[PDB]
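*Asks:* Please read through the structure below; I'll follow up with questions.
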Amino acid sequence: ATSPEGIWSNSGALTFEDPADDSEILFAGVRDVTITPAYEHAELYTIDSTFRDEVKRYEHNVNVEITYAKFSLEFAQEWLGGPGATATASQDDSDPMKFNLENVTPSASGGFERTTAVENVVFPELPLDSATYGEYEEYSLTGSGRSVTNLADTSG
Amino acid sequence: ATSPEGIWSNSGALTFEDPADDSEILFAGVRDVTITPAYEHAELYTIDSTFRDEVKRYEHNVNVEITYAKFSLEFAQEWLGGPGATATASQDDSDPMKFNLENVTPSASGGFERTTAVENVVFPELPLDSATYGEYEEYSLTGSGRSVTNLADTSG
Amino acid sequence: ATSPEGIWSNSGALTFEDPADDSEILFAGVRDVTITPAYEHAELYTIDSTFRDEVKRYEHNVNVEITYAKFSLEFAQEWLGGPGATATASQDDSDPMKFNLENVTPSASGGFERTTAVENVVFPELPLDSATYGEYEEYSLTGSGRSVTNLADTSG
Amino acid sequence: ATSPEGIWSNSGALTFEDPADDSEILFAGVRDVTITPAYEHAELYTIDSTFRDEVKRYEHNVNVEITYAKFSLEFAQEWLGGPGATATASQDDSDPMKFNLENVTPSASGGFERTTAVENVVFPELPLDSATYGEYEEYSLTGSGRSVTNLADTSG
Amino acid sequence: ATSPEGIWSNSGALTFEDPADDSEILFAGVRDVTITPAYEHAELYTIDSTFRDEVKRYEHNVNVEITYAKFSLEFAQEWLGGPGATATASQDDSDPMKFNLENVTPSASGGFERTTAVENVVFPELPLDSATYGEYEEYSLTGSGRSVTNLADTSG
Amino acid sequence: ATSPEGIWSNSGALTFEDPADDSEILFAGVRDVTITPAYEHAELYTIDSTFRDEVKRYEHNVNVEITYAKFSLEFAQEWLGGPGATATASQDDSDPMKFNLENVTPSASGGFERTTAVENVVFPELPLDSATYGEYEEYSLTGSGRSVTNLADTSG
Amino acid sequence: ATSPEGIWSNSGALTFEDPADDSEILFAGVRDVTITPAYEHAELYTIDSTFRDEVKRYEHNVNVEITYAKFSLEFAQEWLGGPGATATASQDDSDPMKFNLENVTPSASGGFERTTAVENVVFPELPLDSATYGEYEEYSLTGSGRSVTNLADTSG
Amino acid sequence: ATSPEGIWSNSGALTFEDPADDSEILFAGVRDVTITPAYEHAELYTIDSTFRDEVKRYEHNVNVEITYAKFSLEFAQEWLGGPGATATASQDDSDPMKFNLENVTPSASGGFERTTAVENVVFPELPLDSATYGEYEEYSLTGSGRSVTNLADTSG
Amino acid sequence: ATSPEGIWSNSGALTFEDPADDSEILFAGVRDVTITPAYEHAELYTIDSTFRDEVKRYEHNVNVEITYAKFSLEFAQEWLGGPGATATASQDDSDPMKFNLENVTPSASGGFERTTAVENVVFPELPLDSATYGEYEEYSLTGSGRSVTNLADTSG
Amino acid sequence: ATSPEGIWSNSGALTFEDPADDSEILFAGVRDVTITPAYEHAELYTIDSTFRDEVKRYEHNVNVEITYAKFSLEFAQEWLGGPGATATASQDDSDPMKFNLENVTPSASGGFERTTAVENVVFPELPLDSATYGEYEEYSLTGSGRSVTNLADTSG
Amino acid sequence: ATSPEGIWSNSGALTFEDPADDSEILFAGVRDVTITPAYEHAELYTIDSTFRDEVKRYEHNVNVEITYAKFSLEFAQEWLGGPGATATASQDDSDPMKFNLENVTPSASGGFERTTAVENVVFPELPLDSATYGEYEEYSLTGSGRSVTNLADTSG
Amino acid sequence: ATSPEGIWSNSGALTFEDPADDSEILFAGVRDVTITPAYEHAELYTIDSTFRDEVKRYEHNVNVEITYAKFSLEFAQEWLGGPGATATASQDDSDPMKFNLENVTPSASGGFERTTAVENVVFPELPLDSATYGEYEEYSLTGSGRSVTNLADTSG
Amino acid sequence: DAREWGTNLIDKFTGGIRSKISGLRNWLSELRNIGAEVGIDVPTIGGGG
Amino acid sequence: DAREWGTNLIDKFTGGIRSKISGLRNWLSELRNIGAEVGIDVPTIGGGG
């Protein structure tokens with residue numbers, strides 16, 4: 001297998017896609033990105049022992065959190081509009097906008113190119129304005145994806 | 001679609017309006033502004049599977065929080081008075097003063113002019129006095145609007 | 001209406017009064033003063049909408065918190081004694097001492113003089129001693145008033 | 001009444017007494033001392049007013065907390081022993097050692113001498129050893145007295 | 001017995017193995033490693049006595065937490081795949097990948113070589129991407145092993 | 001009684017003993033120690049008064065916590081083994097290893113020699129590995145003893 | 001445009017005026033004069049590029065620093081007095097004396113006459129006495145103006 | 001007003017008085033004397049403007065720095081003794097000796113006589129011995145006065 | 001490749017251009033010129049090795065600092081005016097004047113002609129007046145460019 | 001009172017004594033000697049006034065610094081040995097050697113003989129070897145005494 | 001072993017190589033050259049002893065700093081272009097140009113020839129222009145190499 | 001006791017030994033040598049007194065710093081190699097080369113011969129090349145010894 | 001004169017830049033260090049769960 | 001004398017530059033609280049709920 005290698009944050013390229021089209025939603029100027037697939041663990045014990053008998057995964061989730069400093073009207077209007085539409089105002093409906101997400105990062109010494117892809121990321125809240133005196137507006141998204149669709153070396 | 005661009009916080013222009021008139025309520029000396037439309041997400045799972053099946057929006061609101069350093073007697077007496085009234089003392093009634101809020105910000109190199117507008121913002125608490133020795137008084141509001149009425153590029 | 005203006009913390013004059021007399025209770029050497037009228041907000045929704053239907057004020061309060069560095073025997077003995085009396089020892093009775101409070105401040109360029117007055121401020125606890133090595137004793141009061149009785153420009 | 005005045009922490013003299021004798025229990029080398037009489041306050045609201053109707057005191061105690069840096073064998077063995085006894089080991093009995101406490105301070109420019117006295121202070125826990133590399137051992141007590149027995153100007 | 005001795009963190013060598021094979025899973029570039037065998041302790045008390053009567057262990061586990069800065073595609077795809085399998089995507093199944101873990105360290109002046117080994121470590125969440133502006137990606141695992149299988153001096 | 005005096009942390013000499021033997025368990029390289037005998041206090045009130053009627057000790061323990069930087073195989077293997085045994089692996093049984101503890105500290109000017117001794121200290125979790133990049137391994141134990149068996153001046 | 005030209009320091013003509021009157025405040029005998037308008041800069045960087053995305057001005061001030069060797073009682077008593085007042089003693093009030101400053105200077109070959117004017121210069125500290133053995137007293141002022149009101153060629 | 005004029009350092013006449021008496025404390029042989037009244041300044045900025053909204057004074061003090069080359073026993077013993085006393089040894093009390101200071105100086109051409117007077121100057125440290133091989137002992141004081149009590153032309 | 005050769009400072013020709021026009025802004029009389037392209041470096045270390053794993057670049061800028069002795073009204077008024085404008089007074093706006101800079105130097109023996117060109121140089125502060133008694137006014141600029149656009153031998 | 005008078009550095013006689021005996025420790029060849037009694041000052045300021053309310057002393061020490069050019073084995077071996085002992089090697093113990101110090105100086109015209117005495121001077125670091133090519137070895141001590149025990153005219 | 005010997009600076013011959021080729025990068029006219037291998041050290045101390053328990057090396061790097069007075073276009077263009085390329089303009093990429101460095105110096109009496117070689121020297125900033133009136137341009141590099149690859153006597 | 005005496009720097013004889021053998025490491029041509037045993041001091045203060053209660057030593061080290069002008073390949077290769085080895089390249093390991101150091105120096109009139117010896121001196125960095133134009137290479141070492149093993153008069 | 005200006009200008013620059021070189025390496029600590037709440041206070045795994 | 005005071009006075013003056021560049025520690029502490037402190041209350045939906 002491929003040797004483990006350092007990854008440099010600034011080498012990453014994050015992208016968002018509409019799952020209806022696979023069309024890109026314009027997004028840029030990231031500063032921090034965390035992508036964490038997770039499960040809850042049921043550690044199960046037994047009748048006559050202090051030791052763990054079995055352990056089981058449940059309730060899968062992909063935590064996505066992104067800090068970014070370039071505003072996108074398209075991303076914000078996609079979020080307002082829900083799935084398959086854009087809006088300039090809050091929509092009174094129960095379907096959230098679902099984003100496909102992909103992040104591509106070279107290894108620090110070029111040993112592999114790591115691609116991570118996540119399906120159906122939803123964001124419970126969207127920061128529109130994030131003004132602080134003497135600073136550029138910086139925006140924090142916290143959301144949850146359904147699953148990791150791809151984690152591979154995508155280098156030739 | 002419009003290219004994502006940086007936004008400089010100090011380029012912003014926040015305004016408050018009475019929804020009964022569309023008249024401006026005098027407010028100035030902003031330092032921080034965060035505007036965040038949100039929904040409760042019901043994040044739904046099935047019998048068979050560890051994966052999420054569906055996610056649904058419910059209770060909507062817009063979180064508004066503002067830090068500012070110029071005191072306004074009008075804004076304070078409007079808040080005390082409740083809807084369509086102005087008062088110099090706390091009122092023993094159940095109607096909170098509802099403010100229409102708008103903020104206008106040019107993008108950092110003139111790509112767009114982002115306008116955000118929020119209906120029926122209410123504030124649970126109003127800091128009247130906020131004195132710290134050797135500092136100007138600084139005031140923090142936290143409140144909730146009903147919906148985003150506008151998020152658009154308002155440039156020519 | 002009057003233009004919003006900066007307020008300088010050190011321009012403030014805080015006074016306490018016995019509500020039985022309107023007589024001053026000696027108090028001095030403040031370093032912080034926060035006065036915040038507050039209500040709880042009930043946000044309410046209908047059966048067929050994600051959007052808020054109504055929002056309502058309840059359970060009114062005025063959070064008062066003061067940090068100060070000159071000890072007052074009169075203030076402390078008034079607190080111990082309860083309404084209309086002073087004591088040199090704890091009293092075994094259910095009525096707390098209620099203080100009327102007033103803070104007066106010029107605006108930074110003298111555009112207005114903001115007066116805030118609060119009725120029936122009570123303090124659940126009174127710091128008698130607050131010694132730290134190499135420091136003057138600094139005392140923190142947290143309390144709650146019934147209502148704001150006055151918020152006005154009191155300049156000529 | 002007496003003008004409020006600054007109090008310099010280091011001018012204080014704390015002392016502990018056995019309530020059985022009024023004899024001094026040897027204690028020294030304090031660095032912080034906070035004494036705070038407190039009551040639980042019930043803030044009582046009424047039928048359909050949003051305003052507070054009444055407020056009542058109900059459970060009195062005096063919070064005492066002391067940081068000190070000279071160890072006392074007497075104080076520690078009195079605490080172990082319980083009322084009217086001294087011990088070198090934990091005692092399996094339900095009576096805590098009750099200390100009478102007094103603190104005396106001149107005001108910073110001699111306007112008054114404040115004496116605070118507290119009856120039946122008890123400490124839930126006693127730090128015996130409190131070692132950190134490159135530091136003197138420093139000990140923090142937290143406890144509760146029954147009442148303030150004296151708060152007066154004791155100057156001539 | 002062997003004299004207690006300092007241990008230097010950078011002298012450590014952590015390794016992960018598949019328990020199906022005892023084959024190494026490629027993992028490298030750790031910065032922090034903490035391994036902590038633990039039990040729930042029931043602290044039992046009797047009638048009348050204030051002293052603890054007995055204390056009992058139950059529900060054993062080994063807390064493992066590792067911070068590392070070289071990404072491993074093998075480790076990540078083993079975690080996704082579950083036991084005895086490797087996957088480029090999240091798996092909708094209940095079995096977590098169980099790793100055998102071993103860490104080996106010389107003592108700081110060669111008195112001993114401490115080997116710690118832990119069976120069936122599982123991790124509830126796997127950070128895939130962990131980007132921050134101007135930083136190498138830094139990945140933190142938290143997980144639990146079933147037991148410590150070896151803690152011995154493995155020096156010659 | 002002996003005058004209260006400063007205690008210098010680095011003058012301490014901590015030791016551990018097996019309560020089955022009174023034999024020493026090798027332990028060294030301490031950096032912090034806290035020993036705190038504690039009880040819960042029930043504060044009780046009468047029917048007719050806001051003042052405390054009585055206060056009572058219950059549920060005694062001695063909080064012991066130690067930070068140390070020299071690893072001991074004996075201490076760890078004792079902890080694994082439980083009472084009267086050592087083990088190189090986790091044991092599936094319900095009896096924890098109970099340690100007797102003693103710490104001896106001269107006072108800073110040699111006025112006394114404070115000996116503190118604690119029976120049946122148990123640690124719910126044992127840190128085996130505690131590596132951080134560019135640091136010696138540092139271990140924190142938190143545990144609970146049954147009682148203080150001795151607190152005395154052992155000088156003579 | 002005007003050819004750049006040398007400027008000779010001893011050709012300068014510094015003057016101070018009261019902003020209430022435009023009346024001159026007597027001041028003479030300068031030896032150094034530095035006037036530097038400044039802004040705080042903030043620069044945008046993101047994961048997208050190693051190059052600067054944006055740069056923005058904010059916190060504007062004019063650094064004024066003057067060294068002079070003729071003492072002025074009028075200047076010192078204006079500084080003590082605060083706005084629109086003169087005093088022979090320190091004043092216990094929050095308003096600093098704001099000075100209008102102007103400096104006029106011919107270019108070295110008479111190609112232009114540079115006039116620099118600065119509004120609302122305030123000086124945090126005023127040297128009253130600056131005696132050194134065998135020297136005339138020499139005074140350094142450091143202060144902040146609000147804005148440059150004029151920078152022009154004032155030659156005919 | 002009086003023309004600004006040069007001041008020659010060797011024309012100065014510094015004196016110290018005990019504020020309890022107005023009696024002179026013998027002091028001589030100055031070589032440098034700096035007196036500088038100062039305030040802390042706070043400047044207000046908001047997103048309204050890049051320019052300063054407001055500026056305000058707070059902590060007033062008068063920096064006094066004196067270098068002198070004749071030792072005074074009276075000055076040193078006054079400093080040791082605190083207010084209203086002289087001592088031959090360090091005093092274990094909290095009150096520093098407060099000195100009143102006056103410096104009188106003719107202007108270089110006799111146009112005025114500047115008198116500067118400062119109340120309640122205190123010095124955190126006193127140089128007793130200041131020996132350097134081949135030099136007379138030279139002593140530097142540094143201290144803080146409360147306020148300037150007089151700055152005037154005291155000529156006839 | 002071209003032989004390395006000495007460069008004589010007085011042979012350099014420095015020019016500033018407006019990036020909106022490529023039109024020259026009059027500047028003259030340089031004495032010092034330092035141009036330094038710089039990146040922030042991040043180095044990776046892990047417990048695998050005492051040696052550096054990786055090194056990476058971020059936050060590119062070109063430090064430009066110039067000392068010059070001929071004042072330019074055009075340059076100063078360009079700096080005040082911001083992009084595409086000149087002003088005789090401070091402007092209350094967010095955008096600094098960005099200059100293109102080029103410096104051209106023959107090598108000392110004419111082996112090459114080095115041209116250095118830097119885009120979008122901004123200066124946080126501009127010295128307007130820099131008078132020292134008995135000296136020509138000398139101005140120092142410190143600023144930062146976005147990138148080096150050209151570094152070449154421009155000889156025939 | 002005694003007239004202030006010059007003091008000539010080369011007239012001084014410095015001696016060190018062991019506080020256990022009052023016995024002299026041989027020391028010679030001083031070049032510089034500074035003795036400075038000092039206290040930490042705390043100043044009280046509040047919202048009541050821009051002027052200082054109070055000023056108070058706390059941490060007393062005497063800064064002693066000596067430069068000398070004759071090496072003493074006795075002084076060095078006393079410093080190594082700690083209180084009441086001499087050593088030819090570093091000692092692994094917590095007590096520094098405390099020296100009594102006295103300096104006796106006639107005034108320049110014989111008006112007085114100034115004796116300064118300092119108790120319990122301790123030196124954190126001792127220079128043993130201080131070789132510079134072409135120079136005699138020169139040693140600088142910096143240390144802290146507890147208090148000044150005498151400052152008097154000791155002439156007949 | 002070889003007798004230690006003087007080294008004369010002007011006898012040194014510094015060279016740079018591209019690590020992709022071992023091809024020489026033209027560089028000349030050094031004035032100062034400092035090469036310094038360094039490690040971070042960590043020292044262990046515990047309550048056991050005032051003496052050091054252990055000392056350990058970690059972050060290795062070789063500090064390289066060079067002052068030189070002949071400009072090289074090849075060196076500058078290699079630095080701009082990153083690994084394996086020259087460029088005439090700044091590059092928006094994450095990899096710094098890594099240089100191999102070697103310096104060869106005969107000893108002053110010819111006793112040995114000292115060769116020092118360093119791998120992967122990187123420079124965070126490159127001075128392009130370093131002009132000062134009346135002086136040749138002089139350039140200072142500061143950088144970090146990964147390791148010393150050779151330090152030997154290379155004489156026959 | 002031995003009379004204190006002047007010491008001439010050029011009379012000193014510095015030697016380094018390998019602590020594994022007591023074999024000499026060739027080193028010559030010193031210009032400066034400083035050896036300074038040191039401890040950290042902790043001082044105790046409490047509100048009982050303004051004077052120091054206690055002072056204590058910890059963190060013993062011996063600061064060794066040497067400037068020298070004859071290069072030694074043996075010393076440099078010993079440093080690279082670590083304990084018990086020599087190397088011609090940086091070694092990727094945790095253990096610094098520990099040197100025993102001894103300096104022997106006659107007093108200026110031959111009254112004594114000071115021998116100073118220091119154990120386990122380590123140097124965080126080693127200067128290899130230290131070229132300055134028109135100078136011999138001059139090398140500065142800074143290091144920490146564990147203890148002074150001998151400070152004695154070694155004359156007959 | 002040269003030793004005046006030529007030093008004091010560098011005091012202006014370096015007095016500032018020393019706080020960059022240290023301050024940046026402080027933020028490279030802060031993000032880990034105050035990040036440590038994630039392993040100290042955040043993980044209810046420590047018993048609260 | 002204008003060096004002797006001036007250099008270290010000008011270093012004193014760039015104590016002004018050190019305001020924001022030391023304040024950077026505070027700003028990047030807070031900007032980590034946003035990722036590390038927030039996570040303390042957020043899981044109280046579990047830890048309390």
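In the structure tokens, each chain is lettered A, B, ... as it comes, each chain's residues begin at 1, and ligands are numbered from 1 in order of appearance.
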Once chain B has been least-squares superposed onto chain K, matching all their Cα atoms in order, can you return it as a tab-separated table (two decimals) with C-alpha atoms, in the first residue's frame?
*Replies:*
```
chain	number	residue	atom	x	y	z
B	1	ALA	CA	42.74	13.43	16.07
B	2	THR	CA	43.47	16.63	14.09
B	3	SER	CA	44.79	19.62	16.10
B	4	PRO	CA	42.29	22.58	16.26
B	5	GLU	CA	43.37	25.46	13.97
B	6	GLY	CA	42.28	28.99	12.99
B	7	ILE	CA	40.14	29.42	9.86
B	8	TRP	CA	40.50	32.52	7.67
B	9	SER	CA	37.06	33.64	6.40
B	10	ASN	CA	38.30	34.86	2.99
B	11	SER	CA	39.78	31.40	2.20
B	12	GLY	CA	36.20	29.99	2.00
B	13	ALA	CA	34.49	28.78	-1.20
B	14	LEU	CA	30.66	28.54	-1.01
B	15	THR	CA	28.64	26.76	-3.76
B	16	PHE	CA	24.94	26.05	-4.38
B	17	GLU	CA	23.54	23.05	-6.28
B	18	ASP	CA	20.09	22.04	-7.55
B	19	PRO	CA	19.22	18.67	-5.83
B	20	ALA	CA	17.41	17.53	-9.02
B	21	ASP	CA	20.63	17.68	-11.12
B	22	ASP	CA	23.58	18.27	-8.80
B	23	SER	CA	24.12	21.21	-11.25
B	24	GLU	CA	25.73	24.41	-9.88
B	25	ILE	CA	23.55	27.51	-9.39
B	26	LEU	CA	25.71	30.58	-10.05
B	27	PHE	CA	26.42	32.42	-6.78
B	28	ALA	CA	29.38	34.66	-5.86
B	29	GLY	CA	30.63	37.71	-3.93
B	30	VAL	CA	30.03	36.35	-0.40
B	31	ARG	CA	30.90	38.55	2.62
B	32	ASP	CA	29.44	36.58	5.60
B	33	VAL	CA	28.45	32.89	6.04
B	34	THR	CA	27.06	31.29	9.21
B	35	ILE	CA	26.06	27.59	9.24
B	36	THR	CA	24.58	26.27	12.49
B	37	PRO	CA	22.97	22.80	12.98
B	38	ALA	CA	20.49	23.02	15.85
B	39	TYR	CA	17.95	20.97	17.76
B	40	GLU	CA	15.23	21.92	20.20
B	41	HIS	CA	16.40	20.59	23.59
B	42	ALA	CA	13.74	19.40	26.03
B	43	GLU	CA	15.53	20.08	29.35
B	44	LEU	CA	13.91	17.75	31.88
B	45	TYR	CA	13.54	17.84	35.72
B	46	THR	CA	12.06	15.38	38.31
B	47	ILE	CA	9.79	15.71	41.41
B	48	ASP	CA	12.41	15.23	44.14
B	49	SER	CA	15.30	17.31	42.93
B	50	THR	CA	16.42	20.80	41.89
B	51	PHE	CA	18.90	19.18	39.45
B	52	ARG	CA	18.20	18.33	35.80
B	53	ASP	CA	17.54	14.60	35.27
B	54	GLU	CA	17.70	14.32	31.46
B	55	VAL	CA	17.90	16.32	28.22
B	56	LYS	CA	16.50	15.22	24.83
B	57	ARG	CA	16.82	16.50	21.23
B	58	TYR	CA	13.70	17.03	19.09
B	59	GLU	CA	13.06	19.26	16.03
B	60	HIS	CA	16.28	19.41	13.95
B	61	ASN	CA	17.25	22.07	11.37
B	62	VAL	CA	20.39	23.78	10.04
B	63	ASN	CA	20.32	27.58	10.27
B	64	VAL	CA	22.00	29.09	7.19
B	65	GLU	CA	22.60	32.82	6.87
B	66	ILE	CA	24.66	34.46	4.11
B	67	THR	CA	25.55	38.07	3.33
B	68	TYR	CA	26.70	38.68	-0.26
B	69	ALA	CA	27.37	41.60	-2.64
B	70	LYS	CA	27.27	40.17	-6.21
B	71	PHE	CA	23.70	39.80	-7.49
B	72	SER	CA	22.82	36.54	-9.30
B	73	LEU	CA	19.91	36.44	-11.76
B	74	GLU	CA	20.03	32.62	-11.81
B	75	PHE	CA	19.80	32.22	-8.00
B	76	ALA	CA	16.91	34.73	-7.87
B	77	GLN	CA	14.96	33.17	-10.80
B	78	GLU	CA	15.52	29.69	-9.29
B	79	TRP	CA	14.10	30.97	-5.96
B	80	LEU	CA	11.06	32.48	-7.76
B	81	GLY	CA	10.49	29.30	-9.83
B	82	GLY	CA	10.38	26.71	-7.01
B	83	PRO	CA	11.75	23.11	-7.38
B	84	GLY	CA	13.03	22.12	-10.84
B	85	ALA	CA	11.82	25.38	-12.47
B	86	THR	CA	12.97	28.96	-13.20
B	87	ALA	CA	10.72	32.06	-13.35
B	88	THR	CA	10.82	35.86	-13.90
B	89	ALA	CA	7.74	36.46	-11.67
B	90	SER	CA	6.40	35.30	-8.26
B	91	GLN	CA	4.72	31.88	-8.47
B	92	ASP	CA	1.44	31.22	-6.65
B	93	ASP	CA	2.43	27.75	-5.39
B	94	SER	CA	3.41	26.17	-2.06
B	95	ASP	CA	6.76	24.48	-2.97
B	96	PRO	CA	9.92	26.50	-1.98
B	97	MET	CA	13.09	26.11	-4.06
B	98	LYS	CA	15.42	23.72	-2.17
B	99	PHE	CA	19.17	24.30	-2.57
B	100	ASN	CA	21.98	21.91	-1.71
B	101	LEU	CA	24.70	24.04	-0.08
B	102	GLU	CA	28.42	23.28	0.30
B	103	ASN	CA	31.27	25.37	1.74
B	104	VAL	CA	34.99	24.46	1.62
B	105	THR	CA	37.60	26.20	3.81
B	106	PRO	CA	41.35	25.43	4.30
B	107	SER	CA	42.55	25.80	7.89
B	108	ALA	CA	44.79	28.85	8.46
B	109	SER	CA	48.12	26.91	8.33
B	110	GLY	CA	47.03	23.90	6.24
B	111	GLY	CA	46.26	21.38	9.04
B	112	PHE	CA	42.97	20.37	7.31
B	113	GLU	CA	40.40	21.32	4.65
B	114	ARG	CA	37.00	21.64	6.36
B	115	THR	CA	34.04	20.79	4.07
B	116	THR	CA	30.50	21.57	5.33
B	117	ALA	CA	27.51	20.35	3.26
B	118	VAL	CA	23.79	20.99	3.95
B	119	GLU	CA	20.72	19.44	2.24
B	120	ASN	CA	17.48	21.18	1.18
B	121	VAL	CA	18.22	24.77	2.30
B	122	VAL	CA	15.16	27.02	1.84
B	123	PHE	CA	14.96	30.83	2.19
B	124	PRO	CA	11.62	32.44	3.37
B	125	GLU	CA	12.55	35.75	1.70
B	126	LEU	CA	14.84	36.86	-1.13
B	127	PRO	CA	16.16	40.48	-1.21
B	128	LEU	CA	15.95	41.51	-4.87
B	129	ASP	CA	16.93	45.17	-4.50
B	130	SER	CA	18.96	46.40	-1.50
B	131	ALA	CA	20.20	49.87	-2.48
B	132	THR	CA	21.79	52.34	-0.05
B	133	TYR	CA	23.14	55.67	-1.34
B	134	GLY	CA	26.96	55.59	-1.73
B	135	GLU	CA	27.19	51.78	-1.22
B	136	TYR	CA	27.16	48.66	-3.39
B	137	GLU	CA	23.94	46.68	-2.97
B	138	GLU	CA	24.34	44.10	-0.19
B	139	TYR	CA	22.01	41.12	0.35
B	140	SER	CA	21.28	39.05	3.47
B	141	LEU	CA	19.67	35.58	3.26
B	142	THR	CA	18.36	33.68	6.30
B	143	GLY	CA	17.20	30.09	5.71
B	144	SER	CA	16.95	26.52	7.04
B	145	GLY	CA	18.44	23.25	5.74
B	146	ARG	CA	17.11	19.80	6.67
B	147	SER	CA	20.44	18.33	7.90
B	148	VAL	CA	24.25	18.42	7.64
B	149	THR	CA	25.13	15.77	5.02
B	150	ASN	CA	28.90	16.16	5.45
B	151	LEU	CA	31.42	17.65	7.90
B	152	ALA	CA	34.88	16.27	7.14
B	153	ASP	CA	38.54	17.01	6.53
B	154	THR	CA	38.61	16.69	2.72
B	155	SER	CA	42.39	17.40	2.42
B	156	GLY	CA	44.62	14.86	0.62
```
*Asks:* Calculate the C-alpha RMSD, in Å to one decimal, after superposing chain N onto chain M by least squares over all C-alpha atoms paired in sequence order.
*Replies:*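 Result of the CA superposition: 2.5 Å.
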*Asks:* Please return as a PyMOL selection string: the residues of stretch 29-127 of chain C that backbone DSSP assigns to helix (DSSP H, G or I).
*Replies:* chain C and resi 73-81
*Asks:* Could you check how far atom CA of residue N:45 sits from atom CA of residue M:40, in Å to one decimal?
*Replies:*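 Taking atom CA of residue N:45 and atom CA of residue M:40, their separation equals 18.7 Å.
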*Asks:* So which residues of stretch 37-128 of chain D fall under strand (DSSP E) by DSSP, listed as JSON, numbers by chain?
*Replies:* {"D": [37, 38, 39, 40, 41, 42, 43, 44, 45, 52, 53, 54, 55, 56, 57, 58, 59, 60, 61, 62, 63, 64, 65, 66, 67, 68, 70, 71, 99, 100, 101, 102, 103, 104, 105, 106, 113, 114, 115, 116, 117, 118, 119, 120, 121]}
*Asks:* Pull the closest atom pair for each residue of chain N that gets at most 12 Å from chain G, along with the distance in Å to one decimal, counting only C-alpha atoms, ordering rows by chain and then ascending residue number, as CSV.
*Replies:*
```
residue,atom,partner,partner_atom,distance
N:1,CA,G:132,CA,11.2
N:2,CA,G:67,CA,11.1
N:5,CA,G:140,CA,11.5
N:6,CA,G:140,CA,10.9
N:9,CA,G:140,CA,11.1
N:10,CA,G:142,CA,11.4
N:13,CA,G:142,CA,9.7
N:16,CA,G:63,CA,11.7
N:17,CA,G:40,CA,10.0
N:19,CA,G:40,CA,11.8
N:20,CA,G:40,CA,9.9
N:21,CA,G:40,CA,11.9
```
